[PDB]
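Trainee: Take a look at structure-v9.txt, compact mmCIF, C-alpha atoms:
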# COMPACT_ATOMS: atom_id res chain seq x y z
CA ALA A 1 0.00 0.00 0.00
CA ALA A 2 1.06 3.61 -0.61
CA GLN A 3 -0.13 6.79 1.13
CA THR A 4 0.78 9.88 -0.89
CA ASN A 5 1.57 13.15 0.90
CA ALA A 6 2.00 11.35 4.21
CA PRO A 7 3.51 13.13 7.22
CA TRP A 8 7.29 13.15 6.92
CA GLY A 9 7.57 10.79 9.89
CA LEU A 10 5.47 8.08 8.26
CA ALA A 11 7.41 8.35 5.00
CA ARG A 12 10.69 8.19 6.91
CA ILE A 13 10.02 4.90 8.73
CA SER A 14 9.41 3.19 5.36
CA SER A 15 12.39 4.79 3.59
CA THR A 16 16.12 4.18 3.31
CA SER A 17 16.59 7.93 2.69
CA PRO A 18 15.11 11.12 4.13
CA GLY A 19 13.23 13.66 2.06
CA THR A 20 10.34 11.51 0.79
CA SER A 21 6.61 11.92 1.35
CA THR A 22 4.98 8.55 0.55
CA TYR A 23 4.38 6.00 3.32
CA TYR A 24 4.66 2.38 2.12
CA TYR A 25 3.37 -0.48 4.26
CA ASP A 26 1.84 -3.94 4.10
CA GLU A 27 -1.95 -3.59 3.93
CA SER A 28 -2.37 -5.78 7.02
CA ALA A 29 -1.74 -2.47 8.81
CA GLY A 30 -1.54 -3.97 12.29
CA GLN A 31 -4.96 -5.62 12.02
CA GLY A 32 -5.39 -8.05 14.89
CA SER A 33 -2.99 -6.23 17.23
CA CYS A 34 -3.70 -3.83 20.08
CA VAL A 35 -1.76 -0.77 21.26
CA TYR A 36 -2.38 0.83 24.65
CA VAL A 37 -1.83 4.60 24.73
CA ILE A 38 -0.94 5.40 28.36
CA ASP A 39 -1.31 9.18 28.35
CA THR A 40 -3.87 11.96 28.86
CA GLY A 41 -6.58 9.90 27.13
CA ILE A 42 -7.89 9.51 23.59
CA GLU A 43 -10.62 11.47 21.83
CA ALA A 44 -12.13 8.28 20.41
CA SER A 45 -14.85 10.17 18.52
CA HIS A 46 -12.22 11.67 16.19
CA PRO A 47 -13.14 10.44 12.67
CA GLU A 48 -9.48 9.60 11.99
CA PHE A 49 -9.75 6.63 14.36
CA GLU A 50 -12.75 5.14 12.48
CA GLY A 51 -14.19 3.68 15.68
CA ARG A 52 -11.04 1.65 16.40
CA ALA A 53 -10.11 3.69 19.49
CA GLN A 54 -11.75 3.56 22.91
CA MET A 55 -11.09 4.57 26.51
CA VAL A 56 -10.74 1.59 28.85
CA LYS A 57 -9.51 3.19 32.10
CA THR A 58 -9.16 6.58 33.76
CA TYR A 59 -7.95 7.66 37.19
CA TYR A 60 -9.61 11.11 37.11
CA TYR A 61 -13.14 12.52 37.05
CA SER A 62 -13.36 11.94 33.28
CA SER A 63 -11.81 9.67 30.66
CA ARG A 64 -11.91 12.41 28.02
CA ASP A 65 -8.66 13.86 26.67
CA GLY A 66 -8.83 17.49 27.75
CA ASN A 67 -5.19 18.01 26.76
CA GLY A 68 -4.56 16.72 23.23
CA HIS A 69 -1.26 14.95 23.96
CA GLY A 70 -2.73 11.46 24.29
CA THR A 71 -4.96 11.95 21.25
CA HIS A 72 -1.92 13.09 19.26
CA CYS A 73 0.16 10.04 20.20
CA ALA A 74 -2.69 7.63 19.45
CA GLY A 75 -3.11 9.35 16.10
CA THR A 76 0.53 8.58 15.34
CA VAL A 77 0.03 4.94 16.34
CA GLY A 78 -3.03 4.12 14.25
CA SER A 79 -5.08 6.91 12.73
CA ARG A 80 -6.06 6.44 9.10
CA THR A 81 -3.96 9.40 7.85
CA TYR A 82 -1.36 10.07 10.57
CA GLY A 83 -0.89 6.51 11.87
CA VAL A 84 1.74 3.83 11.31
CA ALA A 85 -0.60 0.87 11.94
CA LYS A 86 -3.82 2.06 10.29
CA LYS A 87 -5.84 -1.05 11.29
CA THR A 88 -4.75 -1.63 14.90
CA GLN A 89 -6.97 -1.23 17.96
CA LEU A 90 -6.24 1.63 20.37
CA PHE A 91 -7.01 1.39 24.10
CA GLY A 92 -6.72 4.63 26.06
CA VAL A 93 -5.46 4.60 29.65
CA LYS A 94 -5.71 8.08 31.19
CA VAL A 95 -2.97 8.28 33.82
CA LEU A 96 -2.13 11.96 33.15
CA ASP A 97 -4.55 14.78 33.92
CA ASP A 98 -5.59 17.40 31.36
CA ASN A 99 -2.45 19.38 32.26
CA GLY A 100 -0.29 16.43 31.19
CA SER A 101 0.85 15.70 34.75
CA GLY A 102 0.34 12.60 36.87
CA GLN A 103 1.62 11.03 40.07
CA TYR A 104 4.01 8.10 39.79
CA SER A 105 1.67 5.83 41.76
CA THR A 106 -1.13 6.45 39.24
CA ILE A 107 1.28 5.83 36.36
CA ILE A 108 2.44 2.66 38.12
CA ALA A 109 -1.16 1.51 38.53
CA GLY A 110 -1.84 2.20 34.85
CA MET A 111 1.00 -0.06 33.75
CA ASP A 112 -0.29 -2.84 36.01
CA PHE A 113 -3.76 -2.23 34.58
CA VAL A 114 -2.52 -2.91 31.04
CA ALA A 115 -0.76 -6.05 32.32
CA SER A 116 -4.12 -7.48 33.39
CA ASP A 117 -6.55 -5.77 31.02
CA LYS A 118 -4.98 -7.30 27.89
CA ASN A 119 -6.51 -10.61 29.01
CA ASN A 120 -9.89 -8.86 28.54
CA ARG A 121 -9.11 -7.87 24.93
CA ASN A 122 -8.99 -9.72 21.60
CA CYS A 123 -5.43 -9.26 20.31
CA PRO A 124 -4.39 -12.43 18.47
CA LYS A 125 -1.41 -10.65 16.88
CA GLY A 126 -0.11 -9.25 20.18
CA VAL A 127 -0.28 -6.25 22.48
CA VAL A 128 1.76 -3.04 22.53
CA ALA A 129 1.98 -0.24 25.10
CA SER A 130 3.02 3.31 24.15
CA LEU A 131 4.28 5.44 27.06
CA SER A 132 4.75 9.04 25.89
CA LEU A 133 5.52 10.23 29.42
CA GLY A 134 8.40 10.46 31.86
CA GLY A 135 10.04 12.07 34.87
CA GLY A 136 12.96 11.71 37.28
CA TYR A 137 14.49 8.34 38.03
CA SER A 138 12.27 5.97 40.03
CA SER A 139 12.98 2.27 40.55
CA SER A 140 9.26 1.68 41.13
CA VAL A 141 8.29 3.32 37.83
CA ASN A 142 11.05 1.32 36.14
CA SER A 143 9.93 -1.95 37.75
CA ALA A 144 6.32 -1.27 36.74
CA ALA A 145 7.56 -1.06 33.14
CA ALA A 146 9.58 -4.27 33.47
CA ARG A 147 6.50 -6.03 34.84
CA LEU A 148 4.55 -4.70 31.85
CA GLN A 149 7.17 -6.00 29.40
CA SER A 150 7.53 -9.29 31.28
CA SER A 151 3.82 -10.06 30.83
CA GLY A 152 4.16 -10.07 27.03
CA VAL A 153 3.49 -6.42 26.14
CA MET A 154 5.87 -4.50 23.86
CA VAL A 155 6.58 -1.40 25.96
CA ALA A 156 7.78 1.68 24.09
CA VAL A 157 8.71 4.66 26.27
CA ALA A 158 10.03 8.14 25.56
CA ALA A 159 13.71 8.81 26.17
CA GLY A 160 12.86 12.30 27.44
CA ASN A 161 13.21 15.85 26.13
CA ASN A 162 15.97 17.04 28.47
CA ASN A 163 18.87 16.82 25.97
CA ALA A 164 20.65 14.76 28.62
CA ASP A 165 21.43 11.13 29.44
CA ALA A 166 18.17 9.18 29.80
CA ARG A 167 19.76 7.18 32.63
CA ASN A 168 18.32 9.65 35.18
CA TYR A 169 14.73 9.34 33.94
CA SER A 170 11.93 6.80 34.39
CA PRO A 171 10.60 4.70 32.82
CA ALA A 172 13.20 5.67 30.21
CA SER A 173 16.09 4.07 32.13
CA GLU A 174 14.40 0.65 32.47
CA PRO A 175 16.60 -1.54 30.21
CA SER A 176 14.04 -4.25 29.41
CA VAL A 177 11.68 -1.86 27.59
CA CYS A 178 12.19 0.07 24.34
CA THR A 179 13.54 3.57 25.03
CA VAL A 180 12.94 5.82 22.01
CA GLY A 181 14.75 9.01 21.00
CA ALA A 182 13.63 11.69 18.55
CA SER A 183 15.06 12.77 15.19
CA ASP A 184 14.04 15.43 12.66
CA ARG A 185 13.28 15.35 8.94
CA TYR A 186 16.93 15.98 8.01
CA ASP A 187 18.05 12.87 9.95
CA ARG A 188 19.46 14.94 12.82
CA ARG A 189 18.96 14.09 16.47
CA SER A 190 16.22 16.36 17.79
CA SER A 191 17.83 19.20 19.75
CA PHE A 192 15.79 18.19 22.82
CA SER A 193 16.20 14.42 22.51
CA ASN A 194 17.71 12.51 25.41
CA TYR A 195 20.56 10.11 24.69
CA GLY A 196 22.83 7.54 26.34
CA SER A 197 23.51 3.82 26.35
CA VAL A 198 19.97 3.00 27.52
CA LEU A 199 18.45 4.27 24.26
CA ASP A 200 17.46 1.46 21.89
CA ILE A 201 16.15 3.27 18.80
CA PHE A 202 15.31 6.66 17.28
CA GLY A 203 12.04 7.73 15.70
CA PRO A 204 10.63 10.81 13.98
CA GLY A 205 10.03 13.32 16.73
CA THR A 206 10.30 16.93 15.50
CA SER A 207 7.25 18.57 13.87
CA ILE A 208 4.99 15.50 13.86
CA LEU A 209 1.49 16.09 12.44
CA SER A 210 -1.28 14.03 14.06
CA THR A 211 -4.79 14.20 15.51
CA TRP A 212 -5.76 16.70 18.21
CA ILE A 213 -8.76 17.20 20.47
CA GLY A 214 -11.79 18.90 18.98
CA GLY A 215 -11.64 16.76 15.85
CA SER A 216 -8.63 18.78 14.66
CA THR A 217 -4.92 18.26 13.92
CA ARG A 218 -1.63 19.92 14.80
CA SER A 219 2.14 19.39 14.68
CA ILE A 220 4.23 19.14 17.87
CA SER A 221 7.69 17.91 18.82
CA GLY A 222 9.06 15.58 21.48
CA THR A 223 10.35 12.10 22.20
CA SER A 224 6.70 11.61 23.14
CA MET A 225 6.11 11.88 19.38
CA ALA A 226 8.80 9.36 18.45
CA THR A 227 7.46 6.70 20.83
CA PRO A 228 4.13 6.17 18.97
CA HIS A 229 6.08 5.65 15.73
CA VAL A 230 7.96 2.72 17.29
CA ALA A 231 4.88 1.35 19.06
CA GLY A 232 2.80 1.45 15.88
CA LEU A 233 5.70 -0.18 14.02
CA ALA A 234 5.83 -2.96 16.62
CA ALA A 235 2.12 -3.66 16.21
CA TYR A 236 2.76 -3.57 12.46
CA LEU A 237 5.64 -6.07 12.55
CA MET A 238 3.80 -8.31 15.02
CA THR A 239 0.70 -8.55 12.81
CA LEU A 240 3.02 -9.52 9.95
CA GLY A 241 4.39 -12.28 12.20
CA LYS A 242 7.94 -10.94 11.93
CA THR A 243 8.53 -10.67 15.70
CA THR A 244 6.89 -10.99 19.12
CA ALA A 245 6.36 -8.64 22.06
CA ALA A 246 9.47 -9.90 23.88
CA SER A 247 11.74 -9.47 20.84
CA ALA A 248 10.18 -6.54 18.94
CA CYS A 249 12.53 -3.85 20.26
CA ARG A 250 15.49 -6.10 19.46
CA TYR A 251 14.04 -6.84 16.02
CA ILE A 252 13.40 -3.15 15.34
CA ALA A 253 17.01 -2.39 16.29
CA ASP A 254 18.26 -5.21 14.05
CA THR A 255 16.39 -3.95 10.96
CA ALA A 256 16.84 -0.21 11.56
CA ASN A 257 18.55 2.29 9.29
CA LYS A 258 22.12 2.29 10.64
CA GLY A 259 24.48 5.25 10.90
CA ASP A 260 22.16 7.68 9.08
CA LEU A 261 21.58 10.11 11.97
CA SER A 262 23.76 13.10 12.83
CA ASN A 263 24.69 14.66 16.18
CA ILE A 264 24.40 11.26 17.88
CA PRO A 265 26.63 11.38 20.99
CA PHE A 266 29.36 8.79 21.48
CA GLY A 267 27.94 5.65 23.08
CA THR A 268 24.39 6.19 21.80
CA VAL A 269 23.20 3.84 19.07
CA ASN A 270 22.65 5.37 15.62
CA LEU A 271 19.51 3.42 14.72
CA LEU A 272 16.37 4.81 13.07
CA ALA A 273 13.10 2.88 13.00
CA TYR A 274 12.47 1.27 9.62
CA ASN A 275 9.61 -1.04 8.65
CA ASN A 276 11.74 -2.75 5.96
CA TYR A 277 8.73 -2.86 3.62
CA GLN A 278 9.41 -3.64 -0.05
CA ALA A 279 6.45 -2.74 -2.26
Go through the file and emit its structure as structure tokens.

Mentor:
Amino acid sequence: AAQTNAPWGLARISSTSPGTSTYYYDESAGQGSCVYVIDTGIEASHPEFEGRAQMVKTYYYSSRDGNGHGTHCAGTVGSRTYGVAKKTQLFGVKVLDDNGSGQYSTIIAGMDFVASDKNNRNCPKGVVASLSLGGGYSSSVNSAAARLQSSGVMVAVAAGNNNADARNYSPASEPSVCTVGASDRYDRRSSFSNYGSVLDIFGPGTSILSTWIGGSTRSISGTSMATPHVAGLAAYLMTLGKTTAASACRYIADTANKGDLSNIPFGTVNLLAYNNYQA
């Protein structure tokens, strides 16, 4: 399949070179998989989701996304126009309030919710979790992510937007999960992107166009934008049967575009997510 005039991030993950605008992908499109978006919520009524998105859990007075961040990430995972896996199912878990903030205990409970709730869902191709959030180091937030990965859920987390070593940030510093950095359309490391040895992969993160609340769209930047690219790719590769939840991050690193990114600090891998699709 080919989507003309796709967002630059979608065209990048299916390209060996930057500067293209057509997203190529197998038409399975993540059908049969499920991706949890652990964020501020999802505006499920957005027509871009085509009824494939729904809120399954909230820790606040409403499950509605009154922020736009969680809707934007879910749009990058599997919206029809701005999504990597255009046929996956999206389950919203609102652990962040409408200001984008949330206590670590609530975030920890949300990860343990996904660990159990996936047994209540129909995901024969596998389950993915997309964590576009982060804060200071916390061994309990890290261990909640390891428990989530250990249960058979591909956990993709943001490296962080501190332009520092992600070792001092959770759940970014949890080694068992997939820590994702951000790059821009000229294959440069995003000026805000965290780095370090804990990073597993890079994804498009600067000026990413996706859904927004109010049935609208907008373009924002952040490692929180690169994480849904990897998560959607994992649900895409898992539906194709190319990998599993325990080995998706390793498989994505193995098939990534190598050495194409600039301003990658010494010790940080120079890998860019790549779906390896041949039309």

Trainee: Hey, which of A:224, A:45, A:140, A:191 ends up closest to residue A:70? Count all atoms listed in the file.

Mentor: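 With all atoms listed in the file as the atom set, the closest residue is A:224.
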
Trainee: Nearest residue to residue A:189 out of A:268, A:234, A:216, A:241, using all atoms listed in the file?

Mentor: A:268

Trainee: Which of these residues is nearest to residue A:148, using all atoms listed in the file: A:77, A:10, A:245, A:225?

Mentor: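 With all atoms listed in the file as the atom set, the closest residue is A:245.
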
Trainee: Go through A:40, A:210, A:223, A:262 and flag the residue nearest residue A:83, using all atoms listed in the file for the distances.

Mentor: A:210

Trainee: Between atom CA of residue A:158 and atom CA of residue A:34, what is the distance, to one decimal in Å?

Mentor: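 Computing the Euclidean distance for atom CA of residue A:158 and atom CA of residue A:34 yields 19.0 Å.
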
Trainee: Using only C-alpha atoms, can you tell me which of A:239, A:62, A:105, A:255 comes closest to residue A:28?

Mentor: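 Checking each candidate against residue A:28, we get A:239 as the closest.
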
Trainee: With only C-alpha atoms as the counted atoms, please give the residues lying no more than 12 Å from stretch 96-99 of chain A, apart from itself and same-chain residues fewer than 6 positions off, as a ChimeraX atom specification.

Mentor: /A:37-42,57-71,105-110,131-134,213

Trainee: Rounded to one decimal, what separation in Å do you get between atom CA of residue A:31 and atom CA of residue A:15?

Mentor: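 Rounded to one decimal, the two atoms are 21.9 Å apart.
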
Trainee: Looking at A:166, A:146, A:248, A:159, which one is nearest to residue A:179, with distances taken over only C-alpha atoms?

Mentor: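 The shortest atom-to-atom distance to residue A:179 comes from A:159.
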
Trainee: Specify the axis-aligned box that encloses all atoms of stretch 247-256 of chain A listed in the file after padding of 5 Å on each side, stating its centre and edge lengths in Å to one decimal as lines of an AutoDock Vina configuration file.

Mentor:
center_x = 14.2
center_y = -4.8
center_z = 15.9
size_x = 18.1
size_y = 19.3
size_z = 19.9

Trainee: Distance atom CA of residue A:147-atom CA of residue A:182, one decimal place?

Mentor: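 For atom CA of residue A:147 relative to atom CA of residue A:182, the distance reads 25.1 Å.
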
Trainee: Can you tell me which residues surround residue A:85 at a distance of at most 6 Å, considering only C-alpha atoms, apart from same-chain residues fewer than 4 positions away, and format the answer as an mmCIF file with C-alpha atoms, in the frame of the given file?

Mentor:
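Generated file (around-v8.cif):
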data_model
loop_
_atom_site.group_PDB
_atom_site.id
_atom_site.type_symbol
_atom_site.label_atom_id
_atom_site.label_comp_id
_atom_site.auth_asym_id
_atom_site.auth_seq_id
_atom_site.Cartn_x
_atom_site.Cartn_y
_atom_site.Cartn_z
ATOM 1 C CA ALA A 29 -1.740 -2.470 8.810
ATOM 2 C CA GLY A 30 -1.540 -3.970 12.290
ATOM 3 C CA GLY A 78 -3.030 4.120 14.250
ATOM 4 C CA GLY A 232 2.800 1.450 15.880
ATOM 5 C CA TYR A 236 2.760 -3.570 12.460
#

Trainee: Rebuild N, CA and C atoms on stretch 131-150 of chain A, as an mmCIF file, in the frame of the given file?

Mentor:
data_model
loop_
_atom_site.group_PDB
_atom_site.id
_atom_site.type_symbol
_atom_site.label_atom_id
_atom_site.label_comp_id
_atom_site.auth_asym_id
_atom_site.auth_seq_id
_atom_site.Cartn_x
_atom_site.Cartn_y
_atom_site.Cartn_z
ATOM 1 N N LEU A 131 4.154 4.577 25.884
ATOM 2 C CA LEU A 131 4.280 5.440 27.060
ATOM 3 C C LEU A 131 4.996 6.725 26.642
ATOM 4 N N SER A 132 4.217 7.721 26.229
ATOM 5 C CA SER A 132 4.750 9.040 25.890
ATOM 6 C C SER A 132 4.795 9.959 27.111
ATOM 7 N N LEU A 133 5.444 9.489 28.174
ATOM 8 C CA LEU A 133 5.520 10.230 29.420
ATOM 9 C C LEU A 133 6.866 9.937 30.079
ATOM 10 N N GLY A 134 7.162 10.680 31.140
ATOM 11 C CA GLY A 134 8.400 10.460 31.860
ATOM 12 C C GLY A 134 8.721 11.509 32.905
ATOM 13 N N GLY A 135 9.581 11.146 33.853
ATOM 14 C CA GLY A 135 10.040 12.070 34.870
ATOM 15 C C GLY A 135 11.381 11.637 35.438
ATOM 16 N N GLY A 136 11.707 12.091 36.644
ATOM 17 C CA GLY A 136 12.960 11.710 37.280
ATOM 18 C C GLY A 136 13.031 10.213 37.530
ATOM 19 N N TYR A 137 14.250 9.758 37.817
ATOM 20 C CA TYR A 137 14.490 8.340 38.030
ATOM 21 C C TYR A 137 13.645 7.810 39.187
ATOM 22 N N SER A 138 13.101 6.609 39.003
ATOM 23 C CA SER A 138 12.270 5.970 40.030
ATOM 24 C C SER A 138 12.302 4.471 39.774
ATOM 25 N N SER A 139 12.886 3.718 40.711
ATOM 26 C CA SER A 139 12.980 2.270 40.550
ATOM 27 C C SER A 139 11.618 1.595 40.560
ATOM 28 N N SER A 140 10.604 2.232 41.151
ATOM 29 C CA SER A 140 9.260 1.680 41.130
ATOM 30 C C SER A 140 8.562 1.926 39.793
ATOM 31 N N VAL A 141 8.810 3.079 39.169
ATOM 32 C CA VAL A 141 8.290 3.320 37.830
ATOM 33 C C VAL A 141 9.000 2.435 36.816
ATOM 34 N N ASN A 142 10.309 2.243 36.992
ATOM 35 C CA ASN A 142 11.050 1.320 36.140
ATOM 36 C C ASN A 142 10.522 -0.104 36.282
ATOM 37 N N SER A 143 10.358 -0.570 37.523
ATOM 38 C CA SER A 143 9.930 -1.950 37.750
ATOM 39 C C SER A 143 8.506 -2.182 37.257
ATOM 40 N N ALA A 144 7.650 -1.161 37.330
ATOM 41 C CA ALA A 144 6.320 -1.270 36.740
ATOM 42 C C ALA A 144 6.397 -1.457 35.231
ATOM 43 N N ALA A 145 7.402 -0.866 34.582
ATOM 44 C CA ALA A 145 7.560 -1.060 33.140
ATOM 45 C C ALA A 145 8.106 -2.446 32.836
ATOM 46 N N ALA A 146 9.050 -2.923 33.653
ATOM 47 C CA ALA A 146 9.580 -4.270 33.470
ATOM 48 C C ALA A 146 8.493 -5.317 33.658
ATOM 49 N N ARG A 147 7.643 -5.140 34.672
ATOM 50 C CA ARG A 147 6.500 -6.030 34.840
ATOM 51 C C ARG A 147 5.594 -6.000 33.620
ATOM 52 N N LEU A 148 5.396 -4.811 33.039
ATOM 53 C CA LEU A 148 4.550 -4.700 31.850
ATOM 54 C C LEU A 148 5.177 -5.436 30.670
ATOM 55 N N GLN A 149 6.492 -5.284 30.474
ATOM 56 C CA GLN A 149 7.170 -6.000 29.400
ATOM 57 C C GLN A 149 7.226 -7.495 29.672
ATOM 58 N N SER A 150 7.408 -7.880 30.939
ATOM 59 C CA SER A 150 7.530 -9.290 31.280
ATOM 60 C C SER A 150 6.237 -10.059 31.004
#
